[PDB]
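A short write-up of the structure that comes next.
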Amino acid sequence: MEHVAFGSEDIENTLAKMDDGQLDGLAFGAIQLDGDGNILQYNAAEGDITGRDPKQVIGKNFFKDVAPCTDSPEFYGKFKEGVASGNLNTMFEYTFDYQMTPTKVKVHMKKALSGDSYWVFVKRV
């Protein structure tokens, strides 16, 4: 198990070293998005929470295709403001409810160290 705590202040530095295999060892869900919301990485723990197969959602658009329930000012709105601004670090509770049992989560979105990519981290509450 890769030992990194949800909400750590340097999480983006820690995860910068990890390949898709190491990401699967985290204790929480992790999704890497580009600035348009397309999925670049999607780990095992996220699939355990949501039921999605990680291999199959890579390359889909999180807000349009995968997670329409997040297309709202309270989630996608925050994302697109952070991309436009070039900075993003916000944590909030949300309920995921699209084609799944409604599941309450804590979400942390943070700009990655790389270029034009953004993390979404998820854990159950």
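Ordered as shown in the structure tokens, chains take letters A, B, and onward, while each chain numbers its residues from 1 and ligands are numbered from 1 in the order shown.
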
Would you kindly return, as a tab-separated table (two decimals) with C-alpha atoms, in the first residue's frame, each protein, DNA or RNA residue with an atom no farther than 9 Å from any atom of residue 86 in chain A, considering only C-alpha atoms and excluding same-chain residues fewer than 5 positions away?
chain	number	residue	atom	x	y	z
A	81	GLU	CA	-12.69	28.33	-12.30
A	111	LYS	CA	-3.83	21.29	-9.47
A	116	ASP	CA	-2.17	21.31	-17.35

Range 112-115 of chain A: which residues within 7 Å, counting only C-alpha atoms, same-chain residues fewer than 6 positions away excluded, as an MDAnalysis selection string? chainID A and resid 12:13 16

Could you list, as a PDB file with N, CA and C atoms, in the first residue's frame, every residue within 8 Å of range 46-62 of chain A, counting only C-alpha atoms and ignoring same-chain residues fewer than 4 positions away?
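Once everything was written out, this is part.pdb:
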ATOM      1  N   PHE A  28      -7.214   5.863  -1.116  1.00  0.00           N
ATOM      2  CA  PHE A  28      -8.341   6.700  -1.540  1.00  0.00           C
ATOM      3  C   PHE A  28      -8.374   6.745  -3.067  1.00  0.00           C
ATOM      4  N   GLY A  29      -9.514   7.158  -3.579  1.00  0.00           N
ATOM      5  CA  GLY A  29      -9.707   7.348  -4.992  1.00  0.00           C
ATOM      6  C   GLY A  29      -8.937   8.520  -5.535  1.00  0.00           C
ATOM      7  N   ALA A  30      -8.363   8.319  -6.706  1.00  0.00           N
ATOM      8  CA  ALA A  30      -7.598   9.367  -7.397  1.00  0.00           C
ATOM      9  C   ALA A  30      -7.877   9.321  -8.860  1.00  0.00           C
ATOM     10  N   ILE A  31      -8.184  10.490  -9.408  1.00  0.00           N
ATOM     11  CA  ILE A  31      -8.461  10.689 -10.818  1.00  0.00           C
ATOM     12  C   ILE A  31      -7.622  11.846 -11.293  1.00  0.00           C
ATOM     13  N   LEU A  33      -7.258  14.557 -14.323  1.00  0.00           N
ATOM     14  CA  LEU A  33      -7.995  15.196 -15.419  1.00  0.00           C
ATOM     15  C   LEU A  33      -7.097  16.164 -16.180  1.00  0.00           C
ATOM     16  N   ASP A  36      -9.676  20.138 -19.837  1.00  0.00           N
ATOM     17  CA  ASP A  36     -11.014  19.984 -20.361  1.00  0.00           C
ATOM     18  C   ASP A  36     -11.828  18.959 -19.601  1.00  0.00           C
ATOM     19  N   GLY A  37     -11.286  18.308 -18.591  1.00  0.00           N
ATOM     20  CA  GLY A  37     -12.049  17.349 -17.819  1.00  0.00           C
ATOM     21  C   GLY A  37     -11.963  15.930 -18.375  1.00  0.00           C
ATOM     22  N   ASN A  38     -11.039  15.673 -19.325  1.00  0.00           N
ATOM     23  CA  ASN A  38     -10.853  14.271 -19.807  1.00  0.00           C
ATOM     24  C   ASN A  38     -10.015  13.477 -18.810  1.00  0.00           C
ATOM     25  N   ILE A  39     -10.352  12.211 -18.633  1.00  0.00           N
ATOM     26  CA  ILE A  39      -9.683  11.369 -17.665  1.00  0.00           C
ATOM     27  C   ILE A  39      -8.355  10.801 -18.205  1.00  0.00           C
ATOM     28  N   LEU A  40      -7.270  11.121 -17.537  1.00  0.00           N
ATOM     29  CA  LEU A  40      -5.919  10.629 -17.861  1.00  0.00           C
ATOM     30  C   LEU A  40      -5.493   9.442 -17.001  1.00  0.00           C
ATOM     31  N   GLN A  41      -5.883   9.393 -15.727  1.00  0.00           N
ATOM     32  CA  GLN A  41      -5.573   8.312 -14.797  1.00  0.00           C
ATOM     33  C   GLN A  41      -6.787   8.141 -13.888  1.00  0.00           C
ATOM     34  N   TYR A  42      -6.998   6.920 -13.415  1.00  0.00           N
ATOM     35  CA  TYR A  42      -8.161   6.546 -12.641  1.00  0.00           C
ATOM     36  C   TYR A  42      -7.804   5.287 -11.868  1.00  0.00           C
ATOM     37  N   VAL A  66     -19.005  10.596 -17.843  1.00  0.00           N
ATOM     38  CA  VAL A  66     -18.899   9.687 -16.743  1.00  0.00           C
ATOM     39  C   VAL A  66     -19.749  10.104 -15.533  1.00  0.00           C
ATOM     40  N   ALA A  67     -19.717  11.392 -15.239  1.00  0.00           N
ATOM     41  CA  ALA A  67     -20.182  11.887 -13.945  1.00  0.00           C
ATOM     42  C   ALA A  67     -21.085  13.089 -14.087  1.00  0.00           C
ATOM     43  N   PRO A  68     -22.225  12.915 -14.743  1.00  0.00           N
ATOM     44  CA  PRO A  68     -23.095  14.051 -14.994  1.00  0.00           C
ATOM     45  C   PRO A  68     -23.600  14.708 -13.745  1.00  0.00           C
ATOM     46  N   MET A 100     -25.917   4.374  -9.743  1.00  0.00           N
ATOM     47  CA  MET A 100     -25.210   3.747  -8.606  1.00  0.00           C
ATOM     48  C   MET A 100     -25.996   4.034  -7.324  1.00  0.00           C
ATOM     49  N   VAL A 122     -10.906  11.240  -3.748  1.00  0.00           N
ATOM     50  CA  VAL A 122     -12.191  10.866  -3.207  1.00  0.00           C
ATOM     51  C   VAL A 122     -12.035   9.900  -2.083  1.00  0.00           C
ATOM     52  N   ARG A 124     -14.732   7.846   1.100  1.00  0.00           N
ATOM     53  CA  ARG A 124     -16.042   7.732   1.732  1.00  0.00           C
ATOM     54  C   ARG A 124     -16.119   8.511   3.056  1.00  0.00           C
TER      55      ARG A 124
END

With DSSP run on the backbone, what are the alpha helix (DSSP H) residues within chain A? I'd like them as an MDAnalysis selection string. chainID A and resid 11:15 20:23 44:50 54:57 76:85

Neighbours of residue 108 in chain A within 10 Å (only C-alpha atoms; same-chain residues fewer than 4 positions away dropped), as a PyMOL selection string? chain A and resi 6-7+30+88-93+119-123

Can you write out the residues you just picked, keeping N, CA, C and O atoms, as a PDB file, in the first residue's frame?
ATOM      1  N   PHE A   6      -4.886  11.267   2.624  1.00  0.00           N
ATOM      2  CA  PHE A   6      -5.862  12.157   1.987  1.00  0.00           C
ATOM      3  C   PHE A   6      -5.732  13.551   2.577  1.00  0.00           C
ATOM      4  O   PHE A   6      -5.744  13.731   3.816  1.00  0.00           O
ATOM      5  N   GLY A   7      -5.631  14.567   1.699  1.00  0.00           N
ATOM      6  CA  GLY A   7      -5.570  15.946   2.097  1.00  0.00           C
ATOM      7  C   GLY A   7      -4.194  16.452   2.486  1.00  0.00           C
ATOM      8  O   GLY A   7      -4.096  17.586   3.002  1.00  0.00           O
ATOM      9  N   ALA A  30      -8.363   8.319  -6.706  1.00  0.00           N
ATOM     10  CA  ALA A  30      -7.598   9.367  -7.397  1.00  0.00           C
ATOM     11  C   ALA A  30      -7.877   9.321  -8.860  1.00  0.00           C
ATOM     12  O   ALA A  30      -7.804   8.239  -9.513  1.00  0.00           O
ATOM     13  N   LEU A  88      -5.926  25.721  -8.088  1.00  0.00           N
ATOM     14  CA  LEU A  88      -7.120  25.026  -7.567  1.00  0.00           C
ATOM     15  C   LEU A  88      -6.752  24.182  -6.370  1.00  0.00           C
ATOM     16  O   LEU A  88      -5.806  23.420  -6.415  1.00  0.00           O
ATOM     17  N   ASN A  89      -7.450  24.381  -5.244  1.00  0.00           N
ATOM     18  CA  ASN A  89      -7.251  23.543  -4.032  1.00  0.00           C
ATOM     19  C   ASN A  89      -8.464  23.681  -3.205  1.00  0.00           C
ATOM     20  O   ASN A  89      -8.653  24.689  -2.523  1.00  0.00           O
ATOM     21  N   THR A  90      -9.391  22.737  -3.329  1.00  0.00           N
ATOM     22  CA  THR A  90     -10.676  22.865  -2.596  1.00  0.00           C
ATOM     23  C   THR A  90     -11.145  21.519  -2.136  1.00  0.00           C
ATOM     24  O   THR A  90     -10.856  20.539  -2.820  1.00  0.00           O
ATOM     25  N   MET A  91     -11.808  21.422  -0.999  1.00  0.00           N
ATOM     26  CA  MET A  91     -12.253  20.135  -0.442  1.00  0.00           C
ATOM     27  C   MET A  91     -13.696  20.351  -0.040  1.00  0.00           C
ATOM     28  O   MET A  91     -14.062  21.348   0.634  1.00  0.00           O
ATOM     29  N   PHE A  92     -14.545  19.417  -0.374  1.00  0.00           N
ATOM     30  CA  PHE A  92     -15.995  19.538  -0.080  1.00  0.00           C
ATOM     31  C   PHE A  92     -16.642  18.184  -0.061  1.00  0.00           C
ATOM     32  O   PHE A  92     -16.146  17.279  -0.666  1.00  0.00           O
ATOM     33  N   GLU A  93     -17.776  18.042   0.578  1.00  0.00           N
ATOM     34  CA  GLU A  93     -18.568  16.801   0.501  1.00  0.00           C
ATOM     35  C   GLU A  93     -19.518  16.848  -0.698  1.00  0.00           C
ATOM     36  O   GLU A  93     -19.969  17.899  -1.084  1.00  0.00           O
ATOM     37  N   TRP A 119      -5.934  16.988 -10.145  1.00  0.00           N
ATOM     38  CA  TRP A 119      -6.338  15.789  -9.448  1.00  0.00           C
ATOM     39  C   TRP A 119      -7.672  15.942  -8.802  1.00  0.00           C
ATOM     40  O   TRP A 119      -8.003  17.008  -8.297  1.00  0.00           O
ATOM     41  N   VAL A 120      -8.438  14.855  -8.805  1.00  0.00           N
ATOM     42  CA  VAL A 120      -9.624  14.709  -7.961  1.00  0.00           C
ATOM     43  C   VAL A 120      -9.437  13.532  -7.063  1.00  0.00           C
ATOM     44  O   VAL A 120      -9.244  12.431  -7.546  1.00  0.00           O
ATOM     45  N   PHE A 121      -9.446  13.753  -5.756  1.00  0.00           N
ATOM     46  CA  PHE A 121      -9.254  12.676  -4.762  1.00  0.00           C
ATOM     47  C   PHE A 121     -10.565  12.478  -4.034  1.00  0.00           C
ATOM     48  O   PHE A 121     -11.263  13.458  -3.751  1.00  0.00           O
ATOM     49  N   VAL A 122     -10.906  11.240  -3.748  1.00  0.00           N
ATOM     50  CA  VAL A 122     -12.191  10.866  -3.207  1.00  0.00           C
ATOM     51  C   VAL A 122     -12.035   9.900  -2.083  1.00  0.00           C
ATOM     52  O   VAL A 122     -11.344   8.895  -2.213  1.00  0.00           O
ATOM     53  N   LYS A 123     -12.794  10.096  -1.014  1.00  0.00           N
ATOM     54  CA  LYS A 123     -12.914   9.020   0.036  1.00  0.00           C
ATOM     55  C   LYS A 123     -14.337   8.999   0.602  1.00  0.00           C
ATOM     56  O   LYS A 123     -15.101   9.987   0.537  1.00  0.00           O
TER      57      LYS A 123
END
